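Colleague: can you look at this? It's an experimental structure, sequence on top.
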Amino acid sequence: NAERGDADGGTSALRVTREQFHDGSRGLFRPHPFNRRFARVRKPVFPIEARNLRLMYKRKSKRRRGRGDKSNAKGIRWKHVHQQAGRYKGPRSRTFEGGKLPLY
Amino acid sequence: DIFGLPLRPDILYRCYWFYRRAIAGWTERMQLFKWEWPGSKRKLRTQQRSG
Amino acid sequence: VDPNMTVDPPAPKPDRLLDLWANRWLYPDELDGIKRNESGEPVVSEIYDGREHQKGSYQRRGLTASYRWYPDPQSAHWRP
Amino acid sequence: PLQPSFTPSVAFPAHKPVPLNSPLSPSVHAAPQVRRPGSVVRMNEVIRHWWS
Amino acid sequence: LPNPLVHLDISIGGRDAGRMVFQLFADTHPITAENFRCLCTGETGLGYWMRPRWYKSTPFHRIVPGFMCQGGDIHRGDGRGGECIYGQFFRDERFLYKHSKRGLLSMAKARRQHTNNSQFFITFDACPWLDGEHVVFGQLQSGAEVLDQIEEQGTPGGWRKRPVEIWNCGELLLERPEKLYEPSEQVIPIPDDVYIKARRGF
Amino acid sequence: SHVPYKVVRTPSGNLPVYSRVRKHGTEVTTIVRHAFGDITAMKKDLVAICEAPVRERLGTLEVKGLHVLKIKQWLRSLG
Amino acid sequence: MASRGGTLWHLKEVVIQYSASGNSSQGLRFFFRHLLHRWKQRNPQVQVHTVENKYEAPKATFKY
Amino acid sequence: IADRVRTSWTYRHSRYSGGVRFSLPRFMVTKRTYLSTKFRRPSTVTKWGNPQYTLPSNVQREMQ
Amino acid sequence: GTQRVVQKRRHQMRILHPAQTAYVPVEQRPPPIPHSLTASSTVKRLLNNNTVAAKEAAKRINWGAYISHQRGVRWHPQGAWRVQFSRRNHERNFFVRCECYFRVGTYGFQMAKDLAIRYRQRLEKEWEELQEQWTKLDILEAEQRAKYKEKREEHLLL
Amino acid sequence: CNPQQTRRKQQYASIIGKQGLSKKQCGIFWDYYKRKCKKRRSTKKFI
RNA sequence: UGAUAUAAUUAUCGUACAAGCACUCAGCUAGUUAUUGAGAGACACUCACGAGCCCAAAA
RNA sequence: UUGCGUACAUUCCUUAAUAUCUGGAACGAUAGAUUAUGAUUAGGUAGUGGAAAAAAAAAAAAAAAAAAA
RNA sequence: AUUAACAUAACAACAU
RNA sequence: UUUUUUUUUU
């Protein structure tokens, strides 16, 4: 059972060999997934090696300031124009409130 | 329970990298600062009478 | 230019509907696997005739005899 | 075509399950099978489920 | 309920021509019928331009003998105008009836699809080629002698020999053309009232 | 059994199901751990039962909303 | 393309340089086994040649 | 990957980001040196790329 | 070290907790309402408005008509029946993506449904047949290859 | 951070993909090319 | 030959324009770092275990 | 009286959508080939977010691949 | 031996 | 050695 070929052009009880993998000598070429050489996708999963290990998820990239105008970096103009140039950006304190007494 | 577990490359990634980073140890790659060099402190060109 | 010309036939009925949505027309070799009834027509025809579902559909794929537009009263397609 | 020179080889339909009795059944209810280093089940399911 | 019975008084060159009477198909075309009846009665007030939405004192900008005669413009009266009670433009309606009778009424259209307005036209003869492109909502019941006189003022180029304007309008208080297909009942899951109710908060 | 999947109990004798709160108490979901077998059908079942979306994470099954109790009782019936 | 009533083609020769060990050439390699033979038959008017190169990226040259 | 960007709650994972769709028109532009046509067009080619002649028909026929 | 204290709420001398429901076993689960319906405005407002008029309208609304007992056939907010059939084949270089639509304004609510059903049913069989032909094609190819190899060996023997 | 690096990379790329290059030929890239070749030869080594 | 067109950059309410730098090219040169921090209604990724988690320095 | 010139169509063809709600909770699945009348769309300083690239170095995976040789 | 800026030369052009 | 440890429970 589960070994016939039931071919087109009517009916035919042609026996076939059920094989997951083949060399194409007697059918369709079915290479094993255990080979990067024979892989169709650039990023395989199953083949284990030092050069294949993946996170399975996109990783955050670096973003350096002052690298082109078109870049997705943070603001550069605000930091320079509309900002206190004192190397502290304010009083060297922790409870400053703008003249008025702190909360505490 | 040892030899019959799902294949998890994700875990292996970390596990692999751990050892590699460990192996590194301490690198001597260093660069000098402006003050670390041997030099003076005085100016070179005063503002007056020289554009 | 023949004044005794006749109106173009209606839209054709393709044998296979997969080619309409596929990226390439089936080759002659592949078309050999088409089941047919005693009448000679595809067996599949019983389920569905295969008529046009939308205005100016087959024309887009070029299955029509000739190309026509709004100016042509013989034409039938979507208009903005 | 009717009488080829060799027995053709064809795999099970990927759009359908496999009998449990078959060694190539990754289902949980698969029957016991004595395997050896190098034995691989039908990857159709295994690749899709790389963690389960 | 009984269908509306509107009337129009035409004046050719300042002379009282007569009084034509039309019957609107409210049963089949409620919206369309309603539009025309409201415009004729002038019971809606002003409009977009602060103008009264009334067919009174409107010229016919097109008179083609044996084909049709256009008119209804309230803004300019030339043809590049129109305004419905609903607004500028309104959606079309099912194409049930054909154009195979003398005196049939039908709305006009612009280059675009949905450009229906107050602008209508009366057909003088059968127009098969117009089938499906226009909505039929009215039929002449009496006063063909006025349409016959109006036909004389047309030219092949659509020119006008003498002024043609509607003097008075109003509504009277007290066989159909062919059909394109056979109407049949349909499944209406969502009630009509719901659509109205949705636009107000509910 | 009539299920293509099974669940493994904790050492302590508890089901692998918990809750999850994120974004200062504004995203409450449930977490399912230790899932084997045909998970594709499991997701269908879960979604059907819970009337809520299901996300397939990297080795964990998340379901929108708090359904811990429901999940637990569902699992207990299957065994 | 067709010319003079479809009695004259433009495309003459096609050379394809690929590798037998590079991973980037996987696609080419695959192509060379399934669709190459099928493609050739359909276009008998065009010559096709292949060049093996290990330490070189794949490419294709076309002659008209 | 996929057809479009999925904004649904079902697809909000880090594993769904990245990738690029194939495009023939764009493939012949991306990563390709630009070449100007100025001072390069032959005499046999019109402004619109159409074929051009450089000899009277009479002469052409005589020398054919 | 450091302490991480969580916030809590009080109400009637009771700790407020999120809503939770138990499990109710069911022998047979009925089909769900298509999600596509929500893509319109009439239902969107209905859902977004918690009022007696909405709750009454809900009752009146017939939800059972939009349910389709056929894979590949779905409702669309455009007022149509969408037919979906997507398949890929790299080996044979064949990719199909059906995007057929059956408009209501052209045929009708039931007619369109029926038609769509029929179309999907047809496509299934078509695909089946194509696959069956591809297998024999493959076989044939194999045979030709073997004969060519034998012919090649003949020349070496000569 | 300049035009010079582009020239060096283009030059390098033009010679990297070859075999049987002499020291006099390689130039400044001799070390790199030798390391590349030795790296490549690693695959042919068996137990 | 016909038609058409106010170098570039920063600040500024203001293309502000008769304000500031630059003849040109080559080399160098301005957001570096969590064994110590983090999700706080102007935006915060992901893995493992689970009512339990981590284990410091010797080694 | 009747006229006419004029700025802007996503009619045609080719792309794009990452702060949980565009159908999509669909289909397919061995790892996605881009929806043919499909709805909203795509001017932008400051600020914020997503994605593709930068020819190099390291890794003990650079020959199970048709035909030809 | 060596890139650019910079310096000189040769050839190429006709509906003018 | 640090942190966490339901306010519900027929």
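Modeller: Great, that's in hand. Residues are numbered from 1 along each chain as shown, chains lettered A, B, ... in the order given.

Colleague: residue E:113 touches residue E:89, doesn't it?
Modeller: No - using Cβ atoms under 8 Å, residue E:113 is not in contact with residue E:89, being 9.8 Å away. Backbone N, C-alpha and C define where each C-beta goes, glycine included.

Colleague: more neighbours, these two?
Modeller: residue E:89 (17 against 13; other Cβ atoms under 10 Å in any protein chain shown).

Colleague: OK, contacts around the more buried one?
Modeller: With contact set as Cβ atoms under 8 Å, 6 or more residues apart in numbering or on different chains, residue E:89 has these partners: E:114-117.

Colleague: in the helix or strand hosting residue G:50, what counts as buried?
Modeller: Here residue G:50 sits within strand G:47-52, counting by DSSP states H and E. Going by neighbour count (16 or more other Cβ atoms under 10 Å in any protein chain shown), nothing in strand G:47-52 comes out as buried.

Colleague: for it, name the packing helices and strands.
Modeller: Using 3 or more Cβ pairs under 8 Å, 6 or more residues apart in numbering or on different chains; DSSP states H and E as the contact test, the elements touching strand G:47-52 are strand G:13-18.

Colleague: please see if the strand it packs on touches RNA strand L.
Modeller: No - judged by Cβ under 7 Å from any atom of the strand, strand G:13-18 makes no contact with RNA strand L; its nearest approach is 8.0 Å.

Colleague: so which elements touch that strand?
Modeller: Partner elements for strand G:13-18 (3+ Cβ pairs under 8 Å, 6+ apart): helix G:26-34, strand G:47-52, strand G:59-63.

Colleague: same thing but 6 Å
Modeller: strand G:47-52, strand G:59-63 (3 or more Cβ pairs under 6 Å, 6 or more residues apart in numbering or on different chains; DSSP states H and E).

Colleague: helix, strand, or coil at residue J:24?
Modeller: helix (DSSP: H, G, I helix; E, B strand; the rest coil).

Colleague: sorry, back to before: could you check the angle helix G:26-34 makes with the strand holding residue G:50?
Modeller: If you take axes from the mean of the first three to the mean of the last three Cα atoms, to 10 degrees, strand G:47-52 sits at 130 degrees to helix G:26-34.

Colleague: what number of residues lie near the closest residue to chain C within chain D?
Modeller: Nearest residue of chain D to chain C (Cβ to the nearest Cβ) works out as residue D:1 at 11.7 Å. Neighbourhood size, residue D:1 [other Cβ under 10 Å]: 12.

Colleague: ok, the one 5 residues further on next?
Modeller: Residues lying near residue D:6 (other Cβ under 10 Å) number 13.

Colleague: pull out the buried residues from stretch I:88-104.
Modeller: Quick answer for stretch I:88-104 (16+ other Cβ under 10 Å): I:92, I:94, I:96, I:98, I:100, I:102, I:104.

Colleague: what about that stretch and chain E, any contact?
Modeller: No - on the criterion Cβ under 6 Å from any Cβ of the partner chain, stretch I:88-104 is out of touch with chain E, staying 8.7 Å away.

Colleague: what's the first-to-last distance across that stretch?
Modeller: 30 Å (Cα to Cα, to the nearest Å).

Colleague: where exactly do the strands run in chain E?
Modeller: E:5-12, E:15-16, E:20-24, E:62-64, E:68-71, E:105-107, E:120-123, E:136-142, E:164-171 (DSSP state E).
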